[PDB]
Every structure is written in C-alpha cells, then in structure tokens.
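So this block is start-v7.csv, CSV, N, CA and C atoms:
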chain,number,residue,atom,x,y,z
A,247,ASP,N,0.8,-1.2,0.0
A,247,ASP,CA,0.0,0.0,0.0
A,247,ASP,C,0.9,1.3,0.0
A,248,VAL,N,1.8,1.3,0.9
A,248,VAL,CA,2.7,2.5,1.0
A,248,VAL,C,3.6,2.6,-0.3
A,249,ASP,N,3.9,1.4,-0.9
A,249,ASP,CA,4.7,1.5,-2.1
A,249,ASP,C,3.9,2.2,-3.2
A,250,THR,N,2.7,1.8,-3.4
A,250,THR,CA,1.9,2.4,-4.4
A,250,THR,C,1.6,3.9,-4.1
A,251,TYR,N,1.4,4.2,-2.8
A,251,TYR,CA,1.1,5.5,-2.4
A,251,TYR,C,2.3,6.4,-2.7
A,252,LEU,N,3.5,6.0,-2.5
A,252,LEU,CA,4.7,6.7,-2.8
A,252,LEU,C,5.0,6.8,-4.3
A,253,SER,N,4.5,5.7,-5.0
A,253,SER,CA,4.8,5.7,-6.5
A,253,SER,C,3.8,6.7,-7.2
A,254,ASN,N,2.6,6.8,-6.8
A,254,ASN,CA,1.6,7.7,-7.4
A,254,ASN,C,1.5,9.0,-6.6
A,255,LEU,N,2.5,9.5,-5.9
A,255,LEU,CA,2.5,10.7,-5.2
A,255,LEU,C,3.1,11.8,-6.1
A,256,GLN,N,2.5,13.0,-5.9
A,256,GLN,CA,3.0,14.2,-6.6
A,256,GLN,C,3.5,15.2,-5.6
A,257,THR,N,4.6,15.9,-6.0
A,257,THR,CA,5.3,16.9,-5.2
A,257,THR,C,4.5,18.2,-5.3
A,258,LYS,N,3.6,18.4,-4.3
A,258,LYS,CA,2.8,19.6,-4.3
A,258,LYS,C,2.1,19.7,-2.9
A,259,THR,N,1.7,20.9,-2.5
A,259,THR,CA,1.0,21.1,-1.2
A,259,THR,C,-0.3,20.3,-1.2
A,260,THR,N,-0.5,19.7,0.0
A,260,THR,CA,-1.7,18.9,0.1
A,260,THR,C,-3.0,19.8,0.2
A,261,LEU,N,-2.9,20.9,0.9
A,261,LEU,CA,-4.1,21.8,1.0
A,261,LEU,C,-4.6,22.3,-0.3
A,262,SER,N,-3.9,22.1,-1.4
A,262,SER,CA,-4.3,22.5,-2.8
A,262,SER,C,-5.2,21.4,-3.4
A,263,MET,N,-4.9,20.1,-3.2
A,263,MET,CA,-5.7,19.1,-3.7
A,263,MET,C,-7.1,19.0,-3.1
A,264,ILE,N,-7.2,19.1,-1.8
A,264,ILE,CA,-8.5,19.1,-1.2
A,264,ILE,C,-9.3,20.3,-1.7
A,265,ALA,N,-8.6,21.4,-2.0
A,265,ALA,CA,-9.4,22.6,-2.5
A,265,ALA,C,-10.1,22.2,-3.8
A,266,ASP,N,-9.6,21.3,-4.6
A,266,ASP,CA,-10.2,20.9,-5.8
A,266,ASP,C,-11.7,20.5,-5.6
A,267,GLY,N,-12.0,20.0,-4.4
A,267,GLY,CA,-13.4,19.7,-4.1
A,267,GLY,C,-14.3,20.9,-4.4
A,268,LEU,N,-13.9,22.1,-4.2
A,268,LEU,CA,-14.7,23.3,-4.5
A,268,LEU,C,-15.0,23.3,-6.0
A,269,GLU,N,-13.9,23.2,-6.8
A,269,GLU,CA,-14.1,23.2,-8.3
A,269,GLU,C,-15.1,22.1,-8.7
A,270,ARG,N,-14.8,20.8,-8.2
A,270,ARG,CA,-15.7,19.7,-8.5
A,270,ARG,C,-17.1,20.0,-8.1
A,271,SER,N,-17.4,20.6,-7.0
A,271,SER,CA,-18.7,21.0,-6.6
A,271,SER,C,-19.3,22.0,-7.6
A,272,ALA,N,-18.6,23.0,-7.9
A,272,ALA,CA,-19.0,24.0,-8.9
A,272,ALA,C,-19.4,23.4,-10.2
A,273,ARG,N,-18.7,22.3,-10.6
A,273,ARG,CA,-19.0,21.6,-11.9
A,273,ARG,C,-20.1,20.6,-11.8
A,274,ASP,N,-20.4,20.1,-10.5
A,274,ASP,CA,-21.5,19.2,-10.4
A,274,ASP,C,-22.8,19.9,-10.2
A,275,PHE,N,-22.8,21.0,-9.5
A,275,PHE,CA,-24.0,21.8,-9.3
A,275,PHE,C,-24.7,22.1,-10.7
A,276,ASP,N,-24.0,22.4,-11.7
A,276,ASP,CA,-24.6,22.6,-13.0
A,276,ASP,C,-25.5,21.4,-13.4
A,277,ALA,N,-24.9,20.2,-13.5
A,277,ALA,CA,-25.6,19.0,-13.8
A,277,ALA,C,-26.7,18.7,-12.8
A,278,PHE,N,-26.6,19.1,-11.6
A,278,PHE,CA,-27.6,18.9,-10.6
A,278,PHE,C,-28.8,19.8,-10.9
A,279,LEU,N,-28.5,21.1,-11.2
A,279,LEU,CA,-29.6,22.0,-11.6
A,279,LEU,C,-30.3,21.5,-12.9
A,280,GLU,N,-29.5,21.0,-13.9
A,280,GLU,CA,-30.1,20.4,-15.1
A,280,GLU,C,-31.0,19.2,-14.7
A,281,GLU,N,-30.7,18.5,-13.7
A,281,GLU,CA,-31.5,17.3,-13.3
A,281,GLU,C,-32.8,17.9,-12.6
A,282,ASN,N,-32.6,18.9,-11.8
A,282,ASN,CA,-33.8,19.5,-11.2
A,282,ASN,C,-34.8,20.0,-12.2
A,283,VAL,N,-34.3,20.8,-13.2
A,283,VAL,CA,-35.2,21.3,-14.1
A,283,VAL,C,-35.8,20.3,-15.1
A,284,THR,N,-35.1,19.1,-15.2
A,284,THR,CA,-35.7,18.1,-16.0
A,284,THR,C,-36.7,17.3,-15.3
A,285,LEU,N,-36.5,17.0,-14.0
A,285,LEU,CA,-37.5,16.3,-13.2
A,285,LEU,C,-38.7,17.2,-13.0
A,286,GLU,N,-38.5,18.5,-13.1
A,286,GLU,CA,-39.5,19.5,-12.9
A,286,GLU,C,-40.4,19.5,-14.2
A,287,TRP,N,-39.8,19.7,-15.3
A,287,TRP,CA,-40.5,19.6,-16.6
A,287,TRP,C,-41.3,18.3,-16.6
A,288,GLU,N,-40.7,17.2,-16.3
A,288,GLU,CA,-41.3,15.9,-16.2
A,288,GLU,C,-42.6,16.0,-15.3
A,289,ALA,N,-42.4,16.4,-14.0
A,289,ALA,CA,-43.5,16.6,-13.1
A,289,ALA,C,-44.7,17.4,-13.7
A,290,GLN,N,-44.3,18.6,-14.2
A,290,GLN,CA,-45.3,19.4,-14.9
A,290,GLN,C,-46.1,18.6,-15.9
A,291,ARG,N,-45.4,18.1,-16.9
A,291,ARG,CA,-46.1,17.3,-17.9
A,291,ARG,C,-47.0,16.2,-17.3
A,292,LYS,N,-46.5,15.5,-16.2
A,292,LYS,CA,-47.3,14.5,-15.6
A,292,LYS,C,-48.6,15.1,-15.0
A,293,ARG,N,-48.5,16.2,-14.3
A,293,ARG,CA,-49.7,16.8,-13.8
A,293,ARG,C,-50.7,17.2,-14.9
A,294,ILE,N,-50.1,17.7,-16.0
A,294,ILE,CA,-51.0,18.0,-17.1
A,294,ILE,C,-51.7,16.7,-17.7
A,295,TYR,N,-50.9,15.6,-17.7
A,295,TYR,CA,-51.4,14.3,-18.1
A,295,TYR,C,-52.5,13.8,-17.2
A,296,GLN,N,-52.5,14.2,-15.9
A,296,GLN,CA,-53.5,13.9,-15.0
A,296,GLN,C,-54.6,14.9,-15.0
A,297,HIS,N,-54.4,16.1,-15.5
A,297,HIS,CA,-55.5,17.1,-15.7
A,297,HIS,C,-56.4,16.8,-16.8
A,298,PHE,N,-55.8,16.4,-18.0
A,298,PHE,CA,-56.6,16.1,-19.1
A,298,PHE,C,-57.4,14.8,-18.8
A,299,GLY,N,-56.8,13.8,-18.3
A,299,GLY,CA,-57.4,12.5,-18.0
A,299,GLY,C,-57.7,11.6,-19.2
B,367,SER,N,55.5,2.0,-18.8
B,367,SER,CA,54.1,2.0,-18.9
B,367,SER,C,53.4,3.1,-18.1
B,368,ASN,N,54.2,3.9,-17.3
B,368,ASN,CA,53.7,5.0,-16.6
B,368,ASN,C,53.2,6.1,-17.4
B,369,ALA,N,53.7,6.2,-18.6
B,369,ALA,CA,53.2,7.2,-19.6
B,369,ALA,C,51.9,6.7,-20.3
B,370,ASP,N,51.6,5.5,-20.1
B,370,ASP,CA,50.5,4.9,-20.8
B,370,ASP,C,49.1,5.0,-20.0
B,371,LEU,N,49.2,4.8,-18.7
B,371,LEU,CA,48.0,4.9,-17.9
B,371,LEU,C,47.4,6.3,-17.8
B,372,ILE,N,48.3,7.3,-18.2
B,372,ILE,CA,47.8,8.7,-18.2
B,372,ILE,C,46.6,8.9,-19.1
B,373,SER,N,46.7,8.3,-20.3
B,373,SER,CA,45.6,8.3,-21.2
B,373,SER,C,44.4,7.7,-20.6
B,374,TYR,N,44.6,6.6,-19.9
B,374,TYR,CA,43.5,5.8,-19.3
B,374,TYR,C,42.8,6.7,-18.2
B,375,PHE,N,43.5,7.3,-17.3
B,375,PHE,CA,43.0,8.2,-16.3
B,375,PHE,C,42.3,9.4,-16.9
B,376,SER,N,43.0,10.0,-17.8
B,376,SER,CA,42.4,11.2,-18.5
B,376,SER,C,41.2,10.8,-19.4
B,377,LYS,N,41.2,9.5,-19.8
B,377,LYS,CA,40.0,9.0,-20.5
B,377,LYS,C,38.8,8.8,-19.6
B,378,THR,N,39.1,8.2,-18.4
B,378,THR,CA,38.0,8.0,-17.4
B,378,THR,C,37.4,9.4,-17.1
B,379,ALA,N,38.3,10.4,-16.9
B,379,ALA,CA,38.0,11.8,-16.7
B,379,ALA,C,37.1,12.3,-17.8
B,380,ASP,N,37.6,12.2,-19.0
B,380,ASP,CA,36.8,12.7,-20.2
B,380,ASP,C,35.4,12.0,-20.3
B,381,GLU,N,35.4,10.7,-19.9
B,381,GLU,CA,34.1,10.0,-19.9
B,381,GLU,C,33.2,10.6,-18.9
B,382,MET,N,33.6,10.7,-17.7
B,382,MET,CA,32.8,11.1,-16.5
B,382,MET,C,32.4,12.6,-16.7
B,383,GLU,N,33.2,13.3,-17.4
B,383,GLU,CA,33.0,14.8,-17.7
B,383,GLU,C,31.6,14.9,-18.4
B,384,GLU,N,31.2,14.0,-19.1
B,384,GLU,CA,29.9,14.0,-19.8
B,384,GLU,C,28.8,13.4,-18.9
B,385,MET,N,29.2,12.4,-18.2
B,385,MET,CA,28.2,11.7,-17.3
B,385,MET,C,27.6,12.8,-16.3
B,386,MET,N,28.5,13.7,-15.9
B,386,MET,CA,28.0,14.8,-15.1
B,386,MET,C,27.0,15.7,-15.9
B,387,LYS,N,27.3,15.9,-17.2
B,387,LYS,CA,26.3,16.6,-18.0
B,387,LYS,C,25.0,15.9,-18.1
B,388,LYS,N,25.1,14.6,-18.2
B,388,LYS,CA,23.9,13.7,-18.2
B,388,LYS,C,23.1,14.0,-16.9
B,389,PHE,N,23.9,13.9,-15.8
B,389,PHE,CA,23.2,14.2,-14.5
B,389,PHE,C,22.5,15.6,-14.6
B,390,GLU,N,23.2,16.6,-15.0
B,390,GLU,CA,22.6,17.9,-15.2
B,390,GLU,C,21.3,17.8,-16.0
B,391,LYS,N,21.4,17.2,-17.2
B,391,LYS,CA,20.3,17.0,-18.1
B,391,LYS,C,19.1,16.4,-17.4
B,392,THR,N,19.3,15.2,-16.8
B,392,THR,CA,18.3,14.5,-16.1
B,392,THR,C,17.7,15.3,-15.0
B,393,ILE,N,18.5,16.0,-14.3
B,393,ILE,CA,18.1,16.9,-13.2
B,393,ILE,C,17.1,17.9,-13.8
B,394,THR,N,17.5,18.6,-14.8
B,394,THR,CA,16.7,19.7,-15.4
B,394,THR,C,15.4,19.1,-15.9
B,395,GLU,N,15.5,17.9,-16.5
B,395,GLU,CA,14.2,17.1,-16.9
B,395,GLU,C,13.3,16.9,-15.7
B,396,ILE,N,13.9,16.4,-14.6
B,396,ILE,CA,13.2,16.1,-13.4
B,396,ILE,C,12.4,17.3,-12.9
B,397,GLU,N,13.2,18.4,-12.9
B,397,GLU,CA,12.6,19.7,-12.5
B,397,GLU,C,11.4,19.9,-13.4
B,398,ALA,N,11.7,20.0,-14.7
B,398,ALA,CA,10.7,20.2,-15.7
B,398,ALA,C,9.5,19.3,-15.7
B,399,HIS,N,9.7,18.1,-15.2
B,399,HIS,CA,8.7,17.1,-15.1
B,399,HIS,C,7.8,17.3,-13.8
B,400,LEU,N,8.4,17.4,-12.7
B,400,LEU,CA,7.7,17.6,-11.4
B,400,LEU,C,6.9,18.9,-11.5
B,401,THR,N,7.5,19.9,-12.1
B,401,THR,CA,6.7,21.1,-12.4
B,401,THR,C,5.4,20.8,-13.1
B,402,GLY,N,5.4,19.8,-13.9
B,402,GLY,CA,4.2,19.3,-14.6
B,402,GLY,C,3.3,18.5,-13.6
B,403,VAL,N,3.9,17.6,-12.8
B,403,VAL,CA,3.2,16.9,-11.8
B,403,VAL,C,2.4,17.8,-10.9
B,404,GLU,N,3.0,18.9,-10.5
B,404,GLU,CA,2.3,19.9,-9.7
B,404,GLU,C,1.0,20.4,-10.4
B,405,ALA,N,1.1,20.7,-11.7
B,405,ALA,CA,0.0,21.1,-12.4
B,405,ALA,C,-1.1,20.0,-12.5
B,406,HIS,N,-0.6,18.8,-12.8
B,406,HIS,CA,-1.6,17.6,-12.9
B,406,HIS,C,-2.3,17.5,-11.6
B,407,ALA,N,-1.6,17.5,-10.5
B,407,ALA,CA,-2.2,17.5,-9.1
B,407,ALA,C,-3.1,18.7,-8.9
B,408,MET,N,-2.6,19.8,-9.4
B,408,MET,CA,-3.3,21.1,-9.2
B,408,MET,C,-4.6,21.2,-10.0
B,409,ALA,N,-4.7,20.4,-11.0
B,409,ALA,CA,-6.0,20.2,-11.7
B,409,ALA,C,-6.8,19.1,-11.1
B,410,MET,N,-6.1,18.0,-10.7
B,410,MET,CA,-6.7,16.9,-10.1
B,410,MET,C,-7.4,17.3,-8.8
B,411,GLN,N,-6.8,18.2,-8.0
B,411,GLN,CA,-7.4,18.7,-6.8
B,411,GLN,C,-8.6,19.6,-7.1
Show how you would write the structure in this file as structure tokens.
Amino acid sequence: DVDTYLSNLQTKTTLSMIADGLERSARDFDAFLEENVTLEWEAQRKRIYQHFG
Amino acid sequence: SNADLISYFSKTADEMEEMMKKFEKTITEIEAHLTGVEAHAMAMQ
C-alpha cells in the first residue's frame, strides 16, 4: 500500500488538492440543476397528463 | 608504462565529464517534469 502511495505521489502542497473539491462541486452543481429542471418539466407534464385525463 | 596509464585516467575523466552533463540534463528534466506533476495534481485537486 505504502509502495503504491509513494509511487503515485505528486510533489505539491496537500491543501491544494483538497481545495479541488470546490471546483468539482461547482462543476457538479450545473448537472444537478439540469436534473432539477428536467425532473420538474417531467412533473409538470405529468400533472397535465392527470389534468386532461 | 607509466606514460600509458595517463591516457587511461584522462580517458575516465573525459568520460565522466559528460556523465556529469547527463546528470545535469536528467536533473533539469526532473525539474521540468515535477513542475508538470504539480499542475496535474493542481488540476486533479
């Protein structure tokens, strides 16, 4: 385990890698909003399908 | 034969003289590489 950990290690500050979580969140939020608005359009269409009958 | 080994020693010297340059080259490469590793990790984070 330690062998692979040292093999795949990069010379750089650790506090910068964890920071990437912010970027990843900012890039996931977009897709999450797109899923919100798609499940919303879906819901709306559904309620219309239950309005017409 | 004392005058003969001089070429041999100076030869080893001449040979090593470039091995040092190789060391410099590889070092410079390593710098140039790790500088990239930083970026890769800097994007990965």
Return as a list in words the residues belonging to chain B that are within 6.5 Å of chain A, counting all atoms listed in the file.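 Taking all atoms listed in the file into account, residues 400, 403, 404, 407, 408, 410 and 411 of chain B sit within 6.5 Å of chain A.
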Box centre and edge lengths (Å, one decimal), axis-aligned, region 385-394 of chain B plus 8 Å each side, as JSON:
{"center_x": 22.3, "center_y": 15.7, "center_z": -15.7, "size_x": 29.8, "size_y": 24.0, "size_z": 21.0}
One-decimal distance in Å that lies between CA of residue 284 (chain A) and atom N of residue 271 (chain A): 20.5 Å
Could you state the separation of atom N of residue 380 (chain B) and atom C of residue 395 (chain B) in Å, given to one decimal place?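 If I compute the distance from atom N of residue 380 (chain B) to atom C of residue 395 (chain B), I get 25.0 Å.
A straight line drawn from atom N of residue 396 (chain B) to CA of residue 253 (chain A) is 16.2 Å long.
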